[PDB]
Amino acid sequence: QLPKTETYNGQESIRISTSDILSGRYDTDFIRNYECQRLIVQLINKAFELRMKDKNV
Amino acid sequence: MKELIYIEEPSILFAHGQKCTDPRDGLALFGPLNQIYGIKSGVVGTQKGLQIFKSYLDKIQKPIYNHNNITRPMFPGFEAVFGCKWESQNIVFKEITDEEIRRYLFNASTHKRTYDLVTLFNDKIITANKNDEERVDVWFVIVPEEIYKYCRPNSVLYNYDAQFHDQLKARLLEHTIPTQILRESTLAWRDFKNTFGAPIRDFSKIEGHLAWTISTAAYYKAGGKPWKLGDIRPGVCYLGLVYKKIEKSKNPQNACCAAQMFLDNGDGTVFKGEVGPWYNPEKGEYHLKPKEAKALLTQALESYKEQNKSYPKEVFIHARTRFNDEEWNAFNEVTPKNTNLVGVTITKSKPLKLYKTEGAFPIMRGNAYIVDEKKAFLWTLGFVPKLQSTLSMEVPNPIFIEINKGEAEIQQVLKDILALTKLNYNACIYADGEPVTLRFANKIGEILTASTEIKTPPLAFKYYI
RNA sequence: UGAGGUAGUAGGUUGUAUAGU
DNA sequence: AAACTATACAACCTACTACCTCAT
């Protein structure tokens, strides 16, 4: 869907382990822990919605 | 692997210091703690409403039955259940002309019709009790069914409220008159049918509950105490705090908070929390600014001092919203060092539907699910074996409790709100989901919000329910 | 009395109209 | 007197707090 994404470099991406997030042992200036778990539940909800729309129901 | 702990069913006192668990059966077996000498009924309405009320009262005088006493117990008669006497004589009746109803009917907007009818009933009651020598403890407003139907807020052919009884009690609050509105179809269902030919207000099996509720409301509004709580510690004060918001247009709703207070008995001493034009309805987070918080706390403390002479050792606060830090900090320094302050939030929007593997039975009422020290669940709804039925409908839903600040035992507040759920007076049900400090909360907020013009509401409860 | 219906914002995302030295 | 350029709150991007009614 995006033909200009072919030149992306993965070093600019940043990854954070979910273990300390779910254990409440992650806290950074970039993302708040409350904001992080909010992003997590949002991702869960959106993935669930896309999963049932892929069910053809 | 977690389990569900059990909280015992709380007990309510009765006559001669007797302890039961059901209010109806305990009343039928023992009766009230304190006796009243006699009540005198007053009625306003048409002569048709007068004869309907007379027929229903003499029917109440007779012992009436239901299908079975396991769930809906039979009514042993008002005299045999309360020790008070009800008669069809010495009754003060005021007539309303139906021609005036016809004159008020053809108005364009139903709001002014509601206003004029409500004011007509109000000053009729005021005139009736300001001239008649015969004392009337409870006035029975027999509203006609077509008035309740055709004069609805959205019926199709600002501080005043469109609800009839809301405005009725709001403008009757300034004269200390215990009134109770009775819908006509409730006690005239025998001759009331639908268009098909059936009573849509059917009580062919269930009228015993109606007799029970009407009788206990009449006794409570008379002045007598039907039942109280069993065990109350020396120095614990419950504060069920209202956090219901109205949608009062461009008028600043802000915080229409009120507060209920149970200290030693079932006595509720509601003092009017401020309207508080701070934090306009764009800011409706119910964050109480310190001056009003300390004013309400001072009201509660002064009421406790007047009723008990001793400083309370622990204040229980019940609400339904989250509590911010500055509000509790304002709540702290006014309280003495010896006492303790703790806040509980009760909510329904949290979903938790516990189902059953075999059979078709729900969760037995009294189960407590503990998630943490702060958060916990209480199943105040569902099956109860004393009833041999469920108080809930379909699947019960619990109330999510959570202590915010202060140190207290979680099972202590669990059993305390379980005991608080048993004190419903307007309806003689076994128990309700929300506690009675929160059950009365929305209704008394609706009562107070319907008349801004008052400044010192009475702190009793007869003029509200 | 409890499950569907509904306006409107927690609190930090990114667009109006500046003024700081 | 003027170069960069973020500023100072502010309008809004998905889902939290509460209402209100529909009929069992």
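With +1 on each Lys and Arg Cβ and -1 on each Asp and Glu Cβ, and nothing else charged, work out how big the dipole of region B:231-372 is about its Cα centre, in Debye to the nearest 20.
On the way: 21 positive and 17 negative charges, 77 e Å.
So the magnitude is around 380 debye.
Using only the alpha-carbon atoms of chain B as identical scatterers, what base-10 log of I(q)/I(0) does the Debye formula give at q = 0.14 Å⁻¹?
For chain B at q = 0.14 Å⁻¹, log10 I(q)/I(0) is -1.55.
Give me the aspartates and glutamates in straight-line cross-link reach of B:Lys309: C-alpha distance below 18 Å, same-chain residues under 8 apart excluded.
Leaving aside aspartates and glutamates fewer than 8 places away in the same chain, those within reach of B:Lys309 are B:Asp264, B:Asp267.
Let me see the P(r) profile for the protein assembly as shown: every Cα-Cα distance counted, bins of 10 Å, each bin given as a percent of all pairs.
Over the protein assembly as shown, the share of Cα pairs per 10 Å bin runs 3, 15, 23, 25, 18, 9, 4, 2, 1, 0 percent.
If the convex hull of the alpha-carbon atoms of region B:14-88 is projected onto planes in all directions, what is the mean projected area in square nanometres?
Value for region B:14-88: 6.0 nm².
How big is the dipole moment of chain B about its Cα centre under a simple scheme where the beta carbon of each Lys and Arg is +1, that of each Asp and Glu is -1, and everything else is neutral? Debye, nearest 20, please.
Here the size comes out at about 380 debye.
Please report the spacing between the Cα centers of region B:406-459 and region B:12-83 in Å, no decimals.
Between the Cα centres of region B:406-459 and region B:12-83 lies a distance of 23 Å.
Within straight cross-link reach of B:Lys205, meaning Cα distance under 18 Å, which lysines are found once same-chain residues fewer than 8 apart are removed?
Here the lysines satisfying the reach criterion relative to B:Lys205 are B:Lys59, B:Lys62, B:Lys193.
Going through region B:166-242, which trypsin sites (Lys or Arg not before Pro) have at most 12 other Cβ atoms within 10 Å and a DSSP loop state?
B:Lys205
With a cap of 15 neighbouring Cβ atoms within 10 Å, and only residues DSSP puts in a loop, list the trypsin sites (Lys or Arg not before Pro) found in region B:328-411.
Counting only loop positions with at most 15 other Cβ atoms within 10 Å, the trypsin sites (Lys or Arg not before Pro) in region B:328-411 are B:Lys337, B:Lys348, B:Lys353, B:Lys356, B:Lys374, B:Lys386.
Counting other Cβ atoms within 10 Å, keep those with at most 14, restrict to DSSP loop, and tell me which GluC sites (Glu not before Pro) in region B:374-455 are left. Don't skip to the end; give the middle numbers.
Numbers: sites: B:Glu394, B:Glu402, B:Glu407, B:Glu409, B:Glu446, B:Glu453; in loops: B:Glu394, B:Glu407, B:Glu409, B:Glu453.
Passing both the DSSP loop test and the Cβ count: B:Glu394, B:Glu407, B:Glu409, B:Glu453.
Using the number of other C-beta atoms within 10 angstrom as an exposure proxy, rank B:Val81, B:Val236 with the fewest first.
With the sparsest Cβ surroundings first, the list reads B:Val236, B:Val81.
Considering only DSSP beta bridges with both partners in the protein assembly as shown, what is the antiparallel share in %, to the nearest 5?
The antiparallel fraction comes to roughly 50 percent.
Amide H neighbours of B:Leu341 under 5 Å, counting only residues 5+ apart in sequence or on other chains, H built in-plane at 1.01 Å?
B:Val315
Would you grab the residues whose amide H sits under 5 Å from the one on B:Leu241? Only those 5+ places off in sequence or on another chain, please, with H modelled 1.01 Å from N.
B:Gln260, B:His318, B:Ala319
Per DSSP H run of at least 4 residues, take -39500 (n - 2.57); add these up for the protein assembly as shown, divide by its residues and hand me the 222 nm value, nearest 500 deg cm²/dmol.
Taken over the protein assembly as shown, the calculation gives -10000 deg cm²/dmol.
Cβ coordinates were reconstructed from backbone atoms using ideal geometry, including for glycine residues, and neighbour counts include every protein chain displayed. FYI, it's all coordinate maths here, none of it is from the lab.
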